[PDB]
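Order as written gives the chain letters A, B, C, D, E, F and G; numbering starts at 1 within each chain.
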């Protein structure tokens, strides 16, 4: 018996399960492996490419009135989660003077750039020091070495950063089979997706489905 | 975010062909590879022999009187009989022969909807002064279905279960090499290999499995609207 | 009967060794001819053309030595063993 | 004498050599390396090093 | 606190014997 | 092939990149072009590909103990800063992968290039010079792979079953493709006894004779094999027309197959089948399930029972020391016999307890790596450990290394390990000295002519006939009389000749000579040549690397010095 | 290299030097272990090369008395009862008593639990003894090891070889940019870290006034304030980076003698030489075959194994009689773009990323006064550019280095800086890059299991766990049973138990296997750091029992079984592997053998006037050496032309090298190798000693 195959959705706020059935026997692990492999490597996202601390010339130094050094600040900024709508590099700002911790939700983004965990810890400020930064946000996929700022040849004040624009986090699956002797033999795949709060699970699964329909659109053709 | 298209070459032999697909986005080698193989081997419809019925056989271990082959050899030869059918019900076809000599595959007279695709296949070698009558049941299916999973539905005195190759394709293997597209040289080139039965061509089965897979990945694409550009 | 050779392994070393007398001879044999095919490209513009050009058809950006071994395999050349 | 002079007692060996006016041939790898001349084994011996190669007469250019 | 050091983060220990003298 | 860091292969070939770079016209003048390659401009990589397209390179890893220590590979480019070796040349290069380093040398002349590409490409030196055995064969993990892929598990999944009564018989498959489909749906384990019918693999020599009537066998015919799908999978790899092997793939057996290939086929065939073996071996070693966890090492079930009996025995010897009937030294002797015997007992017990499926047994048992004694010390007692002198300490370490040693056992035990390190570090250099002497003495021995035509030969005793009946093959003929060329004509007890004068010996002819019944033959050796310089080829015998007559012009002297002097780092002692 | 390396360097017992036995003179008995080192010199730890046995290390408890002997503390048992008073004994005083080991079962009074104790008597003798003959007893079961040896969990489970490589290798670990302490470690690392001196401790007790990145200011209860600096990115001696990071929060109460800053390698005041990584033990498609290692790409993206390496280069302005050199911005025949980085001073400004070959300091020597060449008079005449009285000797970036210019420093005669005799200004420049791990860097665990990284898979290829955590490193199986050191497997099992936390079944009662388990251990919270000392840690039954009580995962499920093996999914195929693989955590360190240091190539270069061979060195990209066994290899091949090429045009003959270089650039055949120029020199020297050497041709006539 031939039935088309459709996928159910199970909800949880940041990570959802899906249920695809029925499938050809043995075919469950490979299908789920494909969706997983696409998910972990190929969804478009955005991240911070180059930052600019005022009063700093390079990464290997410190600022007056900060508790951490510049490398520490960069290492906090690698955990920012930033969603952008425009297609070209956009600039954000961060100014905080006096006593107090400075957190991720202090950035003044432009129109169309959101910061999804505005309670993340950046740095701590002593009474003596005042921090002022400008960041550049470009949108890519996968992972990108920082050096790509250096061959551009920008000014001295600019620091490259590493960029990880991947918005998925943890993808898994489990295959529930039926092995009876009658014709009722089919595979049931159950996927599981968990994203970084920059895009929803159904959304990432959508982008990966698109990718794969494109890559099979050239390879299903008659020879 | 843009990606350069990919083209598949074909190298041919009688029923086997190699395909090559280059040049792919780094790490998609296995992504497309294992699933494409599993669809080629598992998905496309087809029709095979399921159960046989030989006349003078009381129980299985005997050999049909007046044949050279064995019940097991006869079953393996039938298991190789390449059949095509366009009806879902389990059709029945008979085979009869007599006198001395060989009984080939074109020697069955199939009813409507059933074509034998290799009529020069060998089934058995009959000695002189004997007649054979064997009944075959053809069905439509997919992939590989064991006879033991069929086994005996109900009770019969002279039924035999025969493993079923519902498949156009017979053996698919693949490898993934690294091709220098630019100065980066992490792009991947998949090498597929497909060898089929007589009744379908490889350059066609690949298209079939490709359409099946597009309709499968289509759902996740139906969930929302998020672009991916060539 | 074997898989098709690739890269530096083509042409098979057995069929090479079949032409030449001994393993060592195939080396001098090849290197002299490859020296010639290297010379032909500089005698060709101007001067005495006593050396014959690459005999079997030379693929693009092929090294002289490869052309050499390629044509020893075709039986295009003959050698006189040392004295 | 050329091989002997490298192992030990250079002056002694050379003295006996030079009085005798003896001439050593160059069979042997040690001696041949010391002078710097091609070592007489493998692709160094004279029945390989002196080969001629013509394109076969049967091969008639276009 | 068995450890001499003032504010040292503590590790549970699979120590069967008490140490008579500190290093 | 070999893998070459592109940043290093840019520097190495620099002038060639310059010639091609003024040839293209990217640089107006050559001097300017050289400047361009110093700034690693993006145009030079496209040219540096063309430059090394068909060049050979020499890899080398010191200390060079033997001639296969320097080998020539065709270089391919790779990102990163590490050279990439092919896994089959670690046997010859003697290279682990934990920080070793390798030289790269670039032959420049046409002469150099030619002889690096013909005389010492790796795909040419599959057989070791010292003995006619193959060094570049699947070795460490691949041996585990091809051992797991050929084991036959009785009682496994989808395994063949003979049908009695009404029930049909299962486990018979029309084609190898059909059993692969069955083992992908999951009805069949990769290694259960099944009855296929094979069509692309020549049947074995015993079965071919009766099935095909000794009229031959050709690709396209069907015979019913009775193996496991894994063994069919394995015969896919080795070259076409080779007869069908059907036994567990121990390392001995892989060796035998590779020799059988190397003496009956061209070099390209061996060079490719070894590679298909390496790859299919690496594939299966993963799905082989060989892991080491604390539940794998088993302690033997009656070690407690054994150490009481033996420890009490040594107690009796101690009471006899207090009596004074045994001297101090004699007490040492008795103790060392007691604990040697006890270590034996615990070892054996531990061998009986272990299941066959255990990974600690199997990784060592297939011959892949390791040695049973190490497994013993891992799971049973470490036994007597020696002194800073080399003499055994009458005290015996009684804890497994799995268990843990008491501070005292550990201290006692340090000695042997440390002394082992220093003394191996001596052995290697000392052996190096022996090799240097052995090079100097035979510097002169070269193959000068083809045949000096003497009639003097060694007498070799081929097999020692048993006094009771028939004959017994000598243990070491494969070292004594194998490459040897027959010095006289091998007359038998009948008037006929079984082998004629001047025809090299090989196992077909050694077996003919053996079944004939002649126990000794007179061969033609280096010990009785009659040449002015060196030795003549006809009476040196076939060569070892090639498998044919040695070439006129080879330097057999230096090769024999390499050979004898190289396995000197593996000699050990344990009076004379 | 790090804190542990320095602390170990200072505790060293060296046998070599001025006034001792020679290295060639010391017999093979001087170099091995002696039964009297027990508790003074570590038998395990030593160098591995040709100085084995000749350099030991002072044991943990040992201390040196006035005269110059090494003493170890014991406690004394007067009559079968163990005291609390301790006596330090020398090696010759100890030979006169009877010493029992720290594992003897003891009551709460100090009464000996058994009739017979095991004891060490005289020299190298072990024997049972009735409880009255017992005089002394050891301080701690780990009394006989060093400080570096003391930090190897499950050290009584390894052999001495792998233990040796483990101790040896820990003192070559590169400090990372982040530190975490090991989930499984010895009690030794807080003590070692605080002592080796690279954590900043607090002198008094007080309250933190204000925290900077630069300094901590403490307020004493006395009323006076102490301010501690933290040196930021110092070039330590071995090119690694030293960094100090204030660990305490502002406005806190700090005890006297407490950690306040975290030096290189220290986390929370603790010797942290690596990271925790999720490891799975199996062969994986021959990428880790023969002791190489498979790394997960997640490490390179997260910066888990990034380091900071800081270089320095130095050039100066020294007087020559032709004139006084000077360091100045303009440099003859260098375009403006190349000189953009330098300032007016001649030194590169701080923070300009420098690719190799670039100029760091621009200096010109007053060129030796020769005549101006006539061809050069027309060449320079057509353009009108004079080769001044100065040549160009500017400091340049060696090949294979990159990074930023973090700081420059200059010494002058006017500043009143002490200078060397005859040089006016010295200039140094610091360049600091940030290395991510990749192929060909060395990794090592703690049990001497070295390895090079032969591959880095992308995140979605690593065999991943039933809940979708991909493993980080894939360490092959075949090197565990061959080395004969299974401490790493136990470290992995225990490590997984530290990761997930556990809760023994204590409701029904305490199960037997945990009878002697301490009470604080009945129940751990996820990621709890345990300690297992040396010769006194988790036993087997206790470990196995801890692997049944691991806390279930945040999804609900339990991932490793009673054996320690888990079910893994294959990243490429997508099937499950057919058996359970052993996963768990391990503590891995990034050694100091990096591919960027240890890579040199050289097509041509600069030669040496006198030996006339290519000038050696890793810093001048010298050529690599071609010894004698490589020649014997060549001759065993029969490769006459290759070996004759190496020995002549590739090293010695100047004519040859010039002709070959020229012919290669020109695109013609390389000349066929003839007779070295060295030959004629051998003949001119034999012609010097009144010998007469002639060359004979075939016929017999001279040439």
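Points worth noting:
Heads up, the rule we're going with is that a contact is a pair of C-beta atoms (placed from the backbone, for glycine too) under 8 Å apart; a residue touches a chain by one contact, two chains touch by 3 or more.
Steps from chain B to chain F, minimised over paths through touching chains, total 1.
Number of steps on the shortest path from chain A to chain F, with steps defined by chain touch: 1.
Once the centre of each chain is set as its mean CA position, chain B and chain C turn out to be 49 Å apart. Chain centres here are Cα averages; for chain A and chain G they lie 35 Å apart.
The distance from the centre of chain A to the centre of chain C, with each centre set as the mean of the Cα atoms, comes to 57 Å. Work out the mean CA point of chain B and of chain E, and you get 70 Å between them.
Among the residues of chain G, those in touch with two or more other chains are 102-103, 141, 458, 460, 539, 573-574, 635, 637-641, 667, 669, 673.
Contact of a single residue of chain D with at least two other chains is seen at positions 29, 41-45, 47-49.
Contacts with at least two other chains are made by residues 25-26, 30, 33-34, 37, 41 of chain A.
Contacts between chains, counted with the stated touch criterion, involve the pairs A-B, A-F, A-G, B-F, B-G, C-D, C-F, C-G, D-F, D-G, E-G, F-G.
Within the complex, the chain G residues that touch chain E are 60-61, 73, 75, 84, 86, 102-103, 139-141, 185, 187, 190-191, 194, 254-259, 268-270, 516-518, 520-521, 524, 528-533, 536-539, 542.
Per the touch definition, chain C reaches chain F in the complex via residues 1-3, 5, 7-9, 12-14, 16, 22-24, 26-28, 30-31, 34-35, 38, 61-66.
In the complex of the two chains, the chain G residues touching chain C come out as 638, 641, 667-669.
Considering their complex, residues 26-27, 30, 34 of chain B touch chain G. By the touch rule above, chain D contacts chain G in their complex via residues 14, 18, 23, 29, 33, 35-39, 41-44, 49.
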